[PDB]
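Here is the structure we will look at.
Derivation of every value follows stated rules applied to the coordinates shown; laboratory data play no part. Neighbour counts run over all protein chains shown; Cβ positions are idealised from the backbone, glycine included.
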Amino acid sequence: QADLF
Amino acid sequence: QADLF
Amino acid sequence: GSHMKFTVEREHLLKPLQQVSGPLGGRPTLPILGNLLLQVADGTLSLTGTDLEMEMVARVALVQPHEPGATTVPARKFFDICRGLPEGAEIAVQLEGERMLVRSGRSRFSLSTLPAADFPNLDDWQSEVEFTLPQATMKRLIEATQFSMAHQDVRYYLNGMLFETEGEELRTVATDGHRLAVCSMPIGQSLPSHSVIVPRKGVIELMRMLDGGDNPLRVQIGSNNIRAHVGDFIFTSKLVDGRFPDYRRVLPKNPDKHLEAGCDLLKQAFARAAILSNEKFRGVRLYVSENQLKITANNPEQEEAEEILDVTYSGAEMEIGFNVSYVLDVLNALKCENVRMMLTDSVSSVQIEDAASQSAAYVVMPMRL
Amino acid sequence: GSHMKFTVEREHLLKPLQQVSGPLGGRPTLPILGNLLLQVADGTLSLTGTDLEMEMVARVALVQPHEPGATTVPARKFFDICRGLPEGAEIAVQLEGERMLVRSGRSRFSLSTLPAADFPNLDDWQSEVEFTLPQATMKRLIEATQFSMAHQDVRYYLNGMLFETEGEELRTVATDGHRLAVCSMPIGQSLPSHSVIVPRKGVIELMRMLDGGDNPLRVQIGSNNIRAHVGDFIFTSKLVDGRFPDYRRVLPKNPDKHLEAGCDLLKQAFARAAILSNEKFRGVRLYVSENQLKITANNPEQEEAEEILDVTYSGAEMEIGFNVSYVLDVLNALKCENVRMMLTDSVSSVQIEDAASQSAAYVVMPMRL
């Protein structure tokens, strides 16, 4: 899962 | 609590 | 057959799959117990779920073309897929190698399988005692006693419900060693004398299969199993092999004292006094005198609840202690206008009944206070 | 006063007792936080519950004779007693020594107390911004973002909800670092700019105090507190002192591709595909092509779900991975006919919103496929 910020 | 039997 | 295949409407699967996906849990004993056995033969689809102690079978008519065969698939995933498809969907199922394919519209599911030859069987017995009764009669019998069954007791046979046939009646009995419940209902048929213990989980499934419709319940009892049929569902359970206590000797003999009161006012008074009873022991004190009942509760904080009620009572004055949850469980199960209590002394059981009906009786042993 | 005494109708005491006592269940930090502070003065009964971070105050008019004073009493026990009494019951309360007596008919309860002087109070403060709005507007704002709040994240400030006032609008923002939700609503008043973080438990209490009636909600926001008034109930909460992420910089800057589809059909396709996605990672793959969306899920058992949908899309083909629970949460919160998705590429956030309204926007970061 990639970080949104 | 007493035993019923 | 090697190439199992069938096509059926979504609607015809939903009720069968919920009923058969029911005797299951999140953690099966063996991986194959988490699967449903699917069998297709001569115009019928059969769905079976089991946990080795009991089994549920549903039969679905196959009107569309199909090929015989059998497989097992993950129960909950197969159920969730079918339920998740749109209303009025058609479901086409087929075995492709070691996978079971589920297709509907442009939705495609490939499920893992385990061999049908590896699935357990709770068949291979003949019924000795057989009978039919309305669903409402079975529901009434179980609801009237189920709460008195034991919870994980060392005496395994108390973790179940006695089912007894006698004359024209079917009877249930449940007890946990402190309190007992018994209910008898006429079924309109002369029966031989038979007594079996249905396990806790079996009682739960018998209730869950009752849909409230006009389909009759057909029961078969063997030496180590019981079976119940309702429409196209068949529930089978192993019996508990043990000696159950005899309710007729547990009922108080020659009750010296008789109290009568409104069921609801008595329930609401016990429920309020329970708030200030000890959270573990739940002890309340009953003081019975001429046309009066006084209920008192105290707890480790030294808080106190007191209820005074007008009752019909003309016996000798007496004080008696009870676990308030056992009394409330009884009053909740009566759902009547007036209740009768039959007492002897402070160290002996009390019989609680509906003041109008004898179909159900409850026995609660007191506590020392 | 030394001898607090009051008599009130159960009818008038019940909803106030629920409003304040609701979140006083469980293990209080301090024994007195399990009690309600009762104050009687000049025709009013005040009932306060707190946990040190927030407080709930209800005011009940006293029509019958009373004597001033204060005490604290176990919240849940006091509520259960009043709820358990019959409809139309009159409740007479009085201090007697260190006990609080509750009487109604021939029901008598003696409760333990803790001194009112020991009851904690939130520190006084002044509102910097004040406004009113309908209850439905607050409920809509909270429901549209609450699911995106973080769950016990080490970044304490993501565990709350941002409340922002700007121009004529009130806005909420919630994010957990993977997905974000934002909703703005018109409140009909020109307001100064203010941005505060309301803690998780405060958001829960603000929702719980909305009864769906016609009573308006008055909000006051200070530097370190927020307060909401509805009828005769006042909720106050401390604010989370931290820097919340800025949603304006999190919204995708230049979405190249735009997809539109029916909300329900898209939700049901994702829900079915989720069944065969990995139970921990929940990854699904989206393949967007001309007027078509393909959703695929696979799990460690190598089971596969595939959904094909007709959608409105005319951009370049692309593959993108998502946690299916984050997508379903957005679709469940968008209670609309059609939804729009704004994509850039496979490694960049997607914006999801109602195809008809811009009041709410959702941003979900993808997962590597």
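Can you say whether D:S359 is within 16 Å of D:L251 (Cβ to Cβ), at the interface with another protein chain (Cβ under 9 Å from one of its Cβ atoms) and surrounded by fewer than 20 Cβ atoms within 10 Å (Cβ to Cβ), as far as the supplied structure shows?
When the stated conditions are applied, D:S359 does not pass them.
Can you tell me which residues in region D:135-166 are out of contact with any strand residue (DSSP E or B) (no Cβ under 6 Å at 6 or more places or on another chain), farther than 17 Å from D:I226 by Cα and surrounded by 14 or more Cβ atoms within 10 Å (Cβ to Cβ)?
Within region D:135-166, D:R140, D:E143, D:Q146, D:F147, D:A150, D:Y156, D:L158 meet the criteria.
Suppose we filter D:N291, D:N298 for residues that are within 14 Å of chain C (Cβ to nearest Cβ) and within 25 Å of D:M342 (Cβ to Cβ); which single one remains? Before the answer, list the steps.
Details: D:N298 fails: within 25 Å of D:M342 (Cβ to Cβ).
Among D:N291, D:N298, only D:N291 is within 14 Å of chain C (Cβ to nearest Cβ) and within 25 Å of D:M342 (Cβ to Cβ).
So which residues in region C:40-53 are more than 20 Å from C:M209 (Cβ to Cβ) and in a strand (DSSP E or B)? Walk me through how you get there before you give the answer.
Just the residues of region C:40-53 that are more than 20 Å from C:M209 (Cβ to Cβ), to begin with: C:40-43.
Selection gives C:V40, C:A41.
Give me the residue from region C:343-353 that is crowded, with 17+ Cβ neighbours inside 10 Å and free of Cβ contacts under 8 Å to residues at least 60 places away in the same chain and, out of that set, nearest to the other protein chains (Cβ to nearest Cβ).
Pass one, region C:343-353, residues crowded, with 17+ Cβ neighbours inside 10 Å: C:343-344, C:349-353.
Restricting the remaining residues to those that are free of Cβ contacts under 8 Å to residues at least 60 places away in the same chain gives C:352-353.
On the way: C:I352: 13, C:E353: 17 Å.
Residue satisfying both the conditions and the ranking: C:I352.
Got a sec? Which helices (runs of 4 or more DSSP H) wholly within region C:238-341 have at least 2 residues that are in contact (Cβ under 8 Å) with a residue 40 or more places away in the chain and out of contact with any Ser or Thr (no Cβ under 9 Å at 6 or more places or on another chain)?
C:263-274, C:324-334
If you go through region D:120-165, how many residues are over 24 Å from D:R243 (Cβ atoms) and in a helix (DSSP H, G or I)?
The qualifying residues number 7.
Consider D:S193 against the criteria (1) of a type in the set (S, T, Y); (2) surrounded by fewer than 16 Cβ atoms within 10 Å (Cβ to Cβ); (3) touching a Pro at 6+ places or on another chain (Cβ under 8 Å): it satisfies all of them except one. Which criterion is unmet?
Among (1) of a type in the set (S, T, Y); (2) surrounded by fewer than 16 Cβ atoms within 10 Å (Cβ to Cβ); (3) touching a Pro at 6+ places or on another chain (Cβ under 8 Å), D:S193 violates only (3).
Pick out the one residue from C:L24, C:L33, C:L37 that is in contact with a helix residue (DSSP H, G or I) (Cβ under 7 Å, 6 or more places away or on another chain) and outside any strand (DSSP E or B). Spell out the reasoning first.
On the way: C:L33 fails: in contact with a helix residue (DSSP H, G or I) (Cβ under 7 Å, 6 or more places away or on another chain); C:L37 fails: outside any strand (DSSP E or B).
Residue meeting the stated conditions: C:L24.
If C:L191 satisfies all but one of (1) touching a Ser or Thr at 6+ places or on another chain (Cβ under 6 Å); (2) within 14 Å of chain B (Cβ to nearest Cβ); (3) among the hydrophobic types (A, V, I, L, M, F, W, C), what's the number of the condition it fails?
(2)
Which members of region D:122-134 meet the condition of being in contact with a strand residue (DSSP E or B) (Cβ under 8 Å, 6 or more places away or on another chain) and either of a type outside the set (G, A, S) or within 14 Å of chain C (Cβ to nearest Cβ) (or both)? Show your work before the answer.
Here is the first cut: in region D:122-134, the ones in contact with a strand residue (DSSP E or B) (Cβ under 8 Å, 6 or more places away or on another chain) are D:122, D:125, D:127-134.
Passing the criteria: D:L122, D:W125, D:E128, D:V129, D:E130, D:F131, D:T132, D:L133, D:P134.
State which residue is nearest to C:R249 (Cα to Cα) when the search covers only region C:175-186 and only residues that are surrounded by 19 or more Cβ atoms within 10 Å (Cβ to Cβ) and away from chain B (no Cβ under 12 Å).
Filtering region C:175-186 down to residues surrounded by 19 or more Cβ atoms within 10 Å (Cβ to Cβ) leaves C:175, C:178-185.
When the remaining residues are screened for being away from chain B (no Cβ under 12 Å), the result is C:182-185.
Numbers: C:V182: 12, C:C183: 15, C:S184: 16, C:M185: 20 Å.
Filtering first and then ranking leaves C:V182.
Looking at region C:239-262 only, could you name the residues that are surrounded by fewer than 18 Cβ atoms within 10 Å (Cβ to Cβ) and within 28 Å of C:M161 (Cα to Cα)?
Listed by number, the residues that qualify are C:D241, C:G242, C:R243, C:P245, C:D246, C:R248, C:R249, C:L251, C:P252, C:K253, C:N254, C:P255.
When residues of region D:71-114 are filtered for being part of a strand (DSSP E or B), facing another protein chain (nearest Cβ under 7 Å) and either over 34 Å from the mean Cα position of the chain (by Cα) or surrounded by fewer than 15 Cβ atoms within 10 Å (Cβ to Cβ) (or both), how many remain?
Restricting attention to region D:71-114, the residues satisfying the condition of being part of a strand (DSSP E or B) are D:71-74, D:90-96, D:99-104, D:107-112, D:114.
From the residues that got through so far, the ones that are facing another protein chain (nearest Cβ under 7 Å) too are D:107-112.
Applying the additional criterion that residues be either over 34 Å from the mean Cα position of the chain (by Cα) or surrounded by fewer than 15 Cβ atoms within 10 Å (Cβ to Cβ) (or both) yields D:107-110.
Within region D:71-114, residues that are part of a strand (DSSP E or B), facing another protein chain (nearest Cβ under 7 Å) and either over 34 Å from the mean Cα position of the chain (by Cα) or surrounded by fewer than 15 Cβ atoms within 10 Å (Cβ to Cβ) (or both) number 4.
Confirm whether D:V364 is within 14 Å of chain C (Cβ to nearest Cβ), in contact with a strand residue (DSSP E or B) (Cβ under 7 Å, 6 or more places away or on another chain) and crowded, with 21+ Cβ neighbours inside 10 Å.
Working: within 14 Å of chain C (Cβ to nearest Cβ): no; in contact with a strand residue (DSSP E or B) (Cβ under 7 Å, 6 or more places away or on another chain): yes; crowded, with 21+ Cβ neighbours inside 10 Å: yes.
No: the conditions fail for D:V364.
Out of all the residues in region D:234-242, is one or more more than 30 Å from D:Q18 (Cα to Cα) and either within 11 Å of chain C (Cβ to nearest Cβ) or touching a helix residue (DSSP H, G or I) at 6+ places or on another chain (Cβ under 6 Å) (or both)? Walk me through it before giving the result.
Here is the first cut: in region D:234-242, the residues more than 30 Å from D:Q18 (Cα to Cα) are D:242.
Filter again for either within 11 Å of chain C (Cβ to nearest Cβ) or touching a helix residue (DSSP H, G or I) at 6+ places or on another chain (Cβ under 6 Å) (or both), leaving D:242.
The answer is yes; a qualifying residue exists.
Each row is one residue, and each column tells you yes or no for (1) of a type in the set (D, E); (2) surrounded by 15 or more Cβ atoms within 10 Å (Cβ to Cβ); (3) at negative phi; (4) under 20 Å from the mean Cα position of the chain (by Cα).
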| site | (1), (2), (3), (4) |
| --- | --- |
| C:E9 | yes, no, yes, no |
| C:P23 | no, yes, yes, yes |
| C:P28 | no, yes, yes, no |
| C:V40 | no, yes, yes, no |
| C:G43 | no, no, no, no |
| C:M54 | no, yes, yes, yes |
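Which residues, counting only those in region C:166-210, are in a loop (DSSP other than H, G, I, E, B) and either under 14 Å from the mean Cα position of the chain (by Cα) or of a type in the set (V, I, T) (or both)?
The first filter runs over region C:166-210 and keeps only residues in a loop (DSSP other than H, G, I, E, B), leaving C:176-178, C:209-210.
Residues satisfying the conditions are C:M209, C:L210.
Taking D:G105 as the residue in question, decide whether it is more than 30 Å from D:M367 (Cα to Cα), without any contact (Cβ under 8 Å) to a residue 60 or more places away in the chain and not aliphatic (A, V, I, L, M). Reasoning before the result, please.
Working: more than 30 Å from D:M367 (Cα to Cα): yes; without any contact (Cβ under 8 Å) to a residue 60 or more places away in the chain: yes; not aliphatic (A, V, I, L, M): yes.
Yes: the conditions hold for D:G105.
Name the one entry in D:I221, D:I275 that is farther than 30 Å from D:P134 by Cβ and aliphatic (A, V, I, L, M).
Numbers: D:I221 fails: farther than 30 Å from D:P134 by Cβ.
Exactly one residue qualifies, and that residue is D:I275.
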